[PDB]
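Enquirer: build me a model:
(6 chains, ligands or ions: 5)
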Amino acid sequence: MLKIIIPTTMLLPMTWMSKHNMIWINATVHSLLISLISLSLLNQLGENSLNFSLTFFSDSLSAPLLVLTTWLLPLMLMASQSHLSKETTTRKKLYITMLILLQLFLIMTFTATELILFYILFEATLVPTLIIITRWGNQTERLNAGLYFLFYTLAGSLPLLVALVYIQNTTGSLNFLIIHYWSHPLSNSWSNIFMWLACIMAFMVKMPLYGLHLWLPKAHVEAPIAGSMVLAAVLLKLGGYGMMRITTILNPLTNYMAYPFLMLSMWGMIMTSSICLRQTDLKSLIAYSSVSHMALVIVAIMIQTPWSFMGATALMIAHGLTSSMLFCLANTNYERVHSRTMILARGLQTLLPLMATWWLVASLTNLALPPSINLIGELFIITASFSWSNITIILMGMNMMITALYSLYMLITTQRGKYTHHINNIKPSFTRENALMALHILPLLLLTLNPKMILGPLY
Amino acid sequence: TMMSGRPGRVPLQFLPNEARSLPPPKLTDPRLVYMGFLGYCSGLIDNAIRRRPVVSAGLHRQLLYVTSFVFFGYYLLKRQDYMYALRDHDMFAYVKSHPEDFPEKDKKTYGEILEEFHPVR
Amino acid sequence: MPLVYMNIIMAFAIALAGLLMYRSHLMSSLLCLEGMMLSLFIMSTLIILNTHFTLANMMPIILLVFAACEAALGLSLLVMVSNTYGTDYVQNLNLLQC
Amino acid sequence: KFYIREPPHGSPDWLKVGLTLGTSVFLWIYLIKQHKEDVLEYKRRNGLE
Amino acid sequence: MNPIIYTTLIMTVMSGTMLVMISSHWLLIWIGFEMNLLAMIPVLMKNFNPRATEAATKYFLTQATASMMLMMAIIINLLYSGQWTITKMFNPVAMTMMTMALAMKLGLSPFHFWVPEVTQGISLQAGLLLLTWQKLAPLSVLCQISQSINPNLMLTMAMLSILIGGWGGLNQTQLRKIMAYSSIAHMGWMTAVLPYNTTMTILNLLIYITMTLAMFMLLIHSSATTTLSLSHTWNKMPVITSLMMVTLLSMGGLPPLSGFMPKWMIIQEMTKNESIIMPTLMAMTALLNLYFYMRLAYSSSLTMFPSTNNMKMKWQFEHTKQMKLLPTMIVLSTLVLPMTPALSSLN
Amino acid sequence: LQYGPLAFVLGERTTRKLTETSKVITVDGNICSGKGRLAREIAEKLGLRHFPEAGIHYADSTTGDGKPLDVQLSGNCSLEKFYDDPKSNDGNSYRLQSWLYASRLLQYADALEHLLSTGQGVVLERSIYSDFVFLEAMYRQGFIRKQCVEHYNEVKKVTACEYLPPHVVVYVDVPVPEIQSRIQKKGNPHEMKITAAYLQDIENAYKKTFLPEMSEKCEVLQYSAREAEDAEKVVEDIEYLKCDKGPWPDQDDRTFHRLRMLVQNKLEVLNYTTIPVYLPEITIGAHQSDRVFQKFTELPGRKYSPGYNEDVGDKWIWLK
Ligand SMILES: CCCCCCCCCCCCCCCCCC(=O)OC[C@H](COP(=O)([O-])OCC(O)COP(=O)([O-])OC[C@@H](COC(=O)CCCCCCCCCCCCCCCCC)OC(=O)CCCCCCCCCCCCCCCCC)OC(=O)CCCCCCCCCCCCCCCCC
Ligand SMILES: CCCCCCCCCCCCCCCCC[C@@H](O)O[C@H](CO[C@H](O)CCCCCCCCCCCCCCC)COP(=O)(O)OCC[N+](C)(C)C
Ligand SMILES: CCCCCCCC/C=C\CCCCCCCC(=O)O[C@H](COC(=O)CCCCCCC/C=C/CCCCCCCC)COP(=O)(O)OCCN
Ligand SMILES: CCCCCCCCCCCCCCCCCC(=O)OC[C@H](COP(=O)(O)OCCN)OC(=O)CCCCCCCCCCCCCCCCC
Ligand SMILES: Nc1ncnc2c1ncn2[C@@H]1O[C@H](COP(=O)(O)OP(=O)(O)O)[C@@H](O)[C@H]1O
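Expert: Numbers count the residues shown, from 1 in each chain, chains lettered A, B, ... in the order given. Ligands and ions are numbered 1, 2, ... in the order given. Below is the structure:
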């Protein structure tokens, strides 16, 4: 993994040593090169993982997440250079430094082979994100959003640290391979119940579980565009990766403890879709859609079958790409009219046709349209839930109907109708924005062409 | 205090004579490189606080920072390695001396061990 | 333990409870502080003289010396407080809050 | 002469520069010698070379 | 105060602490405490004003009471054993008196009020010396006598310290009182781990001292004593605000900064001894400290507060005095997490 | 080494340095008097150093190059605009008054540092203690507000409480009609816009507050226009003021050490001139503050410390 880790730590000095007008060019080009290099991790095995060294290893679950992280960095650079034109050179370099640090922490998080090093990195991702939000956000509420995000995550994750050190004392090791090979059943006792709670609650807060989700609209609405892109596409997936990894040691207690979380996930999936139906803000609509999809992923992990894990992996990758694209589209609209209200700017199809096409494609992927990987993951989760019980189909069908309703509602409201008459500053779409949307959407369809690359280790 | 008061401990001795029988750290140790990195960061912060050009000014001062950090890190690594070797030595000796407390257990295969099966469905 | 030790320890406890319960004057609390060290002196010398710990006979003298240093320090602080506020009342030491 | 008033650090303090460089060089050569002696003593005590 | 008299008083404070640390006799330990207090009072009163006089008076009263209780404990121990050496104490009552006296010296709750009051009373340099050195000595005594410490009393006072520090810091808006309540909380952590691993106590002491030195020296450099005074520093020297923000993040215990190492090691060590409820409560309560550190970080670096018109003249001028080892303290307090296993060298 | 505690321990003593002619002399008077000429003559005849009146851009003259900076970057206030529109709606009057007070404070610190490091006396054309007369004139004419006066008083307290008052205060008394005549003859339109009630308020403040207050500290010499014209008799009167009832005789070596440590540090001198009192006149928004600070950084010899500015011809930076 060092062939990918070191070039990022070299992005840092290159960013600080490049000229004042070449920072964006250098950062974008070399981020793309590092993404290309990280594409080599997809050549996985059918039996075991890629054990690079004592510290880092890669799997069919880690590799797509690393590729998504490395691919997301240059897109964030493009959106950032859109909205950070008037900044000073030092502050531009500080923003790029925060993005690079976040990418480095995420890479080491997905490739860390110990639960304690994984904990350290997955908690280290909080600082750059908090700085980005509370420093380069636009509105007053960025401070409160940062407080909510930070304290929700830490309240979730501190009992996880206690549980991890306890498990290390009990079993002698926190290495994932050793805890997989030496796993023992978790007896039904109050102590085991609270160990299970510590671990799962950390990752449920990070996911987020319905009822532990308010920090998500607060932070995703109030963050800058790069912050929104990384919060939804990658940072939400630390919870899924952690829950998939740590449930090795939590059986058979997961069979009995998953009822409250499954009930919360299914009902809150319905509730957040219904909220999306009646949102006066576009960014909040996209955030609540993210909550619904992560609820589906939580259901998949909790029911915990080989078909549900594949659907969970596929849905995580697909949601990352789709939500990042939706945030970028909303941000272009905001940079036009300087407001997040959904009904302020209308007729954007007759003012900007190609952006209307991008909106159509992003909203067609947001709802599960076959054969997109969004649908593939959702359908695998639905099938596993059907095997779990036969009323999960009722809840899942209701969720799919509401998802289609609010996605097409967003499309029709923003793009169709008649343009607002007094908004006379809708300049033609930039090549940069068009290329950003294309770079979001083409990999999704190529992943549809080759779907075994994102179905996880259980494939 | 676990190892404080261990027999034969000379007070106020950073590195005893018995530490000379251990392999000294390689000068290219990653921990030594990280100590040098800490020295370099201190030098840059010094330039920034004093409002000199961060990367250019005070090259002699930055060299002194890095050299001091590498020096102290080398000796610190030697002491750390010595203490860990001492801990392992004591633990092994105690296990050897207390066989009734650390007994060897007969190994049973998984064909003989019976484990409850918990289906996932 | 003889009843003499009980009485000396009781005197120390009384002088400690006197110090911890201010009334108005700082001087009265200083006098309570000086009583505690007197009881400590008496207790130490009773313990040492009974056991014939010959080399420990000098300890009560050092105890007295540092009692004097504490009393001097307290009187200096008292004169400064009185210069500032006109009285040695402890109610005037309320500028700083917790 | 840009400054109306002579800056305190207008000219390099050659005494301090020489002391800095000398201290750095002394520390480096001392570290190299100490490492060589440590390797030799370790090998001699363990009977390796 | 004459510079020679000031440096001889500083040396006398240090000599008293060193006598406490190197003595093997309870009388000599008491003498060291007395010498430290006697030379420490004028240092607090160095800049004469009613607040400094009041702070010195309160500090003297508290420390004199603690020394008296300590000598009573020493004499009671001598009565029941005839031993002057500092080892495990042979009487539970003497041990309880000693624990109370040392806790009163350190400022552990419920003996904490003097800490914020005195720290707000005295200047920034005096507060720096107070917190650092005057925590350095009693903790060494406690580490020496740790094997007889009552775990219940020690852990009760530690949890009280953590809770009180968090809540007081939440309310405060003055920088010195914020520092004092942070100090109370950190002392709580150290003494919580004390009955299990004095090595972890020493590690927490060193990390706390480094972070406190960096923070106090940044405040001295920026000449800021309130929140709104510190809100003007972004318009004079924006580097100092950024370093202070990183140091505040480190103090709050966020990974991968150096403030995470003591909390991590203490949680692990207490878990080895089958303590779970105590480490979990301690870890959750530190979120209060993190909250008011983050509140301080919003005002100074992450947001730009209004400035004044004379800041232009301040721009024209330059800072003269150079803080000693400020860059080193900044780096050690933020970037030494990958160097954690050196605590064995500390052992 | 520069002066510090080590120099004090080694033996540098201000009392030993002084030569008994180390006197601080301040000349005062109403607007457009002969105080500048009298001060120059006093400094020349007595061998003292002259300090012209500290207006705007004094701090510019003492730092970097002597050339004044842009008004947007140094002062953000205008004397000509104060004359043109005294009752402005942007707080120009009190911005000007506070900036001029800070400049006078900085100049007094400069003069004290010179006297303590050299032993040569100084002659200031106006001091900290005479600065408030314009504040009272502005307040009584309705130019500034009671809040502005209160902020001024707070800053003046916490700042001027720390220094040594002048040895000699020389006041030149000129009647208001003569002041107006001289102003008209000078021909500058902005000062020709000065009203007579403003000039009377300054004189009332001088005669009723400043002169009675400085009489307690030391001796005050008052002259008319004719007496101020003949500076030889003024210098003769100064040379035979053998009495000194001020704090200067009470000053000792340690007090002088503290004072010199204070006055050699210009950021500590101006520490309380920027207190977070949010008057609308002096408060500057975050965005304007950021923009102006960036511009000042972009100035030629201002980005780095004085010895480290390569664009103004500083070499050996890598070994400095
Ligand atoms: C090596 C590259 C960096 C990597 C970093 C990785 C971690 C390292 C930590 C320590 C780094 C060393 C210390 C640097 C201090 C710099 C201070 C400074 O003045 O920076 C600006 C300075 C240039 O600006 P300037 O002319 O001084 O003007 C400054 C004015 O303020 C300009 O006026 P203005 O008003 O426009 O500026 C205002 C600005 C001025 O503010 C600053 O410049 C302050 C910058 C941050 C303070 C230092 C924090 C140190 C503590 C550790 C964490 C650092 C992470 C970020 C590092 C930033 C590095 C600049 O403040 C703000 O805008 C406020 C923003 C507040 C939020 C952001 C600040 C906090 C960020 C850090 C917290 C997050 C940590 C997360 C946890 C993980 C940590 C790893 O930047 C540099 O000099 C760049 C330094 C690096 C140069 C390259 C060195 C390597 C050369 C090539 C090596 C090749 C090796 C061999 C390869 C093989 C082939 C040959
Ligand atoms: C010029 C080159 C650079 C020099 C820079 C010097 C800066 C450091 C100064 C040196 C400090 C150590 C002094 C070395 C000589 C003293 C020898 C003696 O003190 O060493 C031992 C003790 O030394 C110290 O205890 C350990 C020194 C190591 C401390 C530094 C590392 C702390 C760990 C931090 C880990 C993360 C940060 C990594 C470093 C960046 C003696 O043991 P003992 O007398 O019986 O202790 C009795 C009390 N006990 C038992 C309870 C402990
Ligand atoms: C930097 C100075 C030296 C530093 C020493 C190194 C650190 C060690 C800690 C301090 C130890 C100091 C040594 C003093 C202890 C002497 C004890 C002793 O040995 O007894 C006398 C020592 O002999 C003397 O007379 C020494 C007299 C010294 C007087 C002058 C000492 C100077 C003190 C300066 C005061 C500084 C204040 C210190 C700060 C407070 C203390 C922390 C010998 O008695 P004998 O009869 O020969 O015993 C054998 C029986 N047949
Ligand atoms: C054993 C004592 C260790 C500490 C001594 C600290 C002394 C200096 C304190 C002031 C702050 C740092 C220096 C900043 C620059 C000061 C102004 C200047 O220009 O200094 C020039 C000086 C040149 O070095 P020079 O004095 O010649 O070296 C000693 C020669 N006998 O430049 C320098 O000296 C710069 C380099 C200073 C050394 C690096 C910083 C300390 C390194 C410690 C290594 C161990 C890590 C842990 C440290 C824990 C805290 C001590
Ligand atoms: N504090 C102040 N507030 C407003 N204006 C001031 C202040 N101090 C000086 N001035 C102005 O500066 C100018 C200085 O003129 P002055 O030096 O008194 O004339 P002369 O040199 O003839 O004595 C005057 O026009 C006066 O109005």
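Enquirer: how about the contacts made by residue 79?
Expert: No chain in the question, so chain A it is. A:225, A:226, A:229, A:328, A:331, A:436 (Cβ atoms under 8 Å, 6 or more residues apart in numbering or on different chains). All C-beta atoms are positioned from the backbone trio N, CA, C, and that covers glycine.
Enquirer: actually chain F
Expert: Counting by Cβ under 8 Å, 6+ apart, residue F:79 touches F:55, F:56, F:96, F:190.
Enquirer: next step: the residues you listed restricted to strands.
Expert: Judged by DSSP state E, these include no members of strands.
Enquirer: if we can go back for a sec, buried subset of the contacts of residue A:79, written for ChimeraX?
Expert: Selection of buried members from the contacts of residue A:79 for ChimeraX, criterion 16 or more other Cβ atoms under 10 Å in any protein chain shown:
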select /A:225,226,229,328,331,436
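Enquirer: among the contacts of residue A:79, which are in helices?
Expert: Those of these mapping onto helices are A:225, A:226, A:229, A:328, A:331, A:436, per DSSP state H.
Enquirer: possible to save the residues you listed as JSON lines with distance to ligand 1?
Expert: Output for the ones in helices among the contacts of residue A:79, formatted as JSON lines (distance: Cβ to the nearest ligand atom, whole Å):
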{"residue": "A:225", "distance to ligand 1": "18"}
{"residue": "A:226", "distance to ligand 1": "14"}
{"residue": "A:229", "distance to ligand 1": "19"}
{"residue": "A:328", "distance to ligand 1": "24"}
{"residue": "A:331", "distance to ligand 1": "22"}
{"residue": "A:436", "distance to ligand 1": "25"}
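Enquirer: quick one on the thing from earlier: just the buried ones from the contacts of residue F:79?
Expert: F:55, F:56, F:96.
Enquirer: out of the residues you listed, flag the one nearest to chain E.
Expert: Taking Cβ to the nearest Cβ as the measure, chain E lies nearest residue F:96 of the buried ones among the contacts of residue F:79, at 9.8 Å.
Enquirer: before we move on, the earlier item: ok, the contacts of residue A:79 vs residue E:265, which is closest?
Expert: residue A:226 (35.2 Å; Cβ to Cβ).
Enquirer: got the contact list for the closest one?
Expert: Going by Cβ under 8 Å, 6+ apart, the list of residues near residue A:226 reads A:76, A:77, A:79, A:80, A:95, A:99, A:132.
Enquirer: distance of the closest residue to it other than its chain neighbours relative to chain F?
Expert: The shortest distance from residue A:226 to any residue other than its chain neighbours is 4.0 Å, reached at residue A:76 (Cβ to Cβ, 6 or more residues apart in numbering or on different chains). Distance, residue A:76 to chain F, using Cβ to the nearest Cβ, to the nearest Å: 25 Å.
Enquirer: neighbour-wise, which one of the contacts of residue A:226 leads?
Expert: Among the contacts of residue A:226, residue A:76 has the most neighbours (other Cβ atoms under 10 Å in any protein chain shown), with 29 neighbours.
Enquirer: and the next helix or strand past the helix or strand encompassing it?
Expert: Residue A:76 is part of helix A:62-83 when elements are defined by DSSP states H and E. Following helix A:62-83 in sequence order, the next helix or strand is helix A:89-111 (DSSP H and E).
Enquirer: any bit of that following helix sitting next to chain F?
Expert: No. Using Cβ under 8 Å from any Cβ of the partner chain, helix A:89-111 stays clear of chain F, with a minimum separation of 10.1 Å.
Enquirer: flag every buried residue along stretch F:105-125.
Expert: For stretch F:105-125, burial by neighbour count (16+ other Cβ under 10 Å) applies to F:105-117, F:120-125.
Enquirer: residue in chain D nearest to ligand 4?
Expert: Here chain D gets closest to ligand 4 at one residue, residue D:19, 3.2 Å apart by Cβ to the nearest ligand atom.
Enquirer: where's that residue, which helix or strand?
Expert: Using DSSP H and E, residue D:19 sits in helix D:14-46.
Enquirer: the residue in chain F that ligand 2 sits nearest to: neighbour count?
Expert: Distances between chain F and ligand 2 by Cβ to the nearest ligand atom are smallest at residue F:319, namely 21.2 Å. Look at residue F:319: counted by other Cβ under 10 Å, it has 17 neighbours.
Enquirer: excluding sequence neighbours, find me the nearest residue to it.
Expert: Computed as Cβ to Cβ, 6+ apart, the closest residue to residue F:319 that is not its neighbour in sequence is residue D:12, at 5.0 Å.
Enquirer: ok, the one you found - contacts?
Expert: Contacts of residue D:12 (Cβ under 8 Å, 6+ apart): F:316, F:319, F:320.
Enquirer: need the contact list for residue A:383.
Expert: Shown in contact with residue A:383 (Cβ under 8 Å, 6+ apart): A:307, A:311.
Enquirer: for residue C:57, same thing?
Expert: Contacts of residue C:57 (Cβ under 8 Å, 6+ apart): C:45, C:48, C:49.
Enquirer: quick one: the residue of the stretch 1-150 of chain E found nearest chain D from chain C, how far?
Expert: Nearest residue of the stretch 1-150 of chain E to chain D (Cβ to the nearest Cβ) works out as residue E:3 at 21.8 Å. Computed as Cβ to the nearest Cβ, the residue E:3 to chain C distance reads 21 Å.
Enquirer: that residue - how many residues pack around it?
Expert: 16.
Enquirer: okay but it is in contact with residue F:8, surely?
Expert: Yes. If you go by Cβ atoms under 8 Å, residue E:3 and residue F:8 touch, sitting 5.6 Å apart.
Enquirer: in which helix or strand would I find the residue lying closest to residue E:213 once chain neighbours are set aside?
Expert: Here the nearest residue to residue E:213 in space, its sequence neighbours aside, is residue E:329; by Cβ to Cβ, 6+ apart that works out to 4.9 Å. Taking DSSP H and E as the definition, residue E:329 sits inside helix E:326-332.
Enquirer: show me what that helix is packed against.
Expert: Helix E:326-332 sits against helix B:30-50, helix E:198-222, helix E:238-251, with contacts defined as 3 or more Cβ pairs under 8 Å, 6 or more residues apart in numbering or on different chains; DSSP states H and E.
Enquirer: and those helices as TSV, adding distance to ligand 5?
Expert: Listed next are those as TSV, based on distance: least, Cβ to the nearest ligand atom, whole Å:
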stretch	distance to ligand 5
helix B:30-50	36
helix E:198-222	30
helix E:238-251	32
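Enquirer: show me which of the ones in helices among the contacts of residue A:79 is closest to chain B.
Expert: Using Cβ to the nearest Cβ, these come closest to chain B at residue A:226, 25.5 Å.
Enquirer: helices - which of the contacts of residue D:12 land there?
Expert: Applying DSSP H to the contacts of residue D:12, no entry is found in helices.
Enquirer: which of those residues fall within strands?
Expert: Using DSSP E, none of those sit in strands.
Enquirer: which residues touch the one residue sitting closest to the centre of chain C?
Expert: Nearest to the mean C-alpha position of chain C, by Cα atoms, centre = their mean, lies residue C:33 at 2.4 Å. If you count contacts by Cβ under 8 Å, 6+ apart, residue C:33 has them with C:19, C:70, C:71, C:74, E:64, E:65, E:68.
Enquirer: element containing it?
Expert: Using DSSP H and E, the element containing residue C:33 is helix C:26-51.
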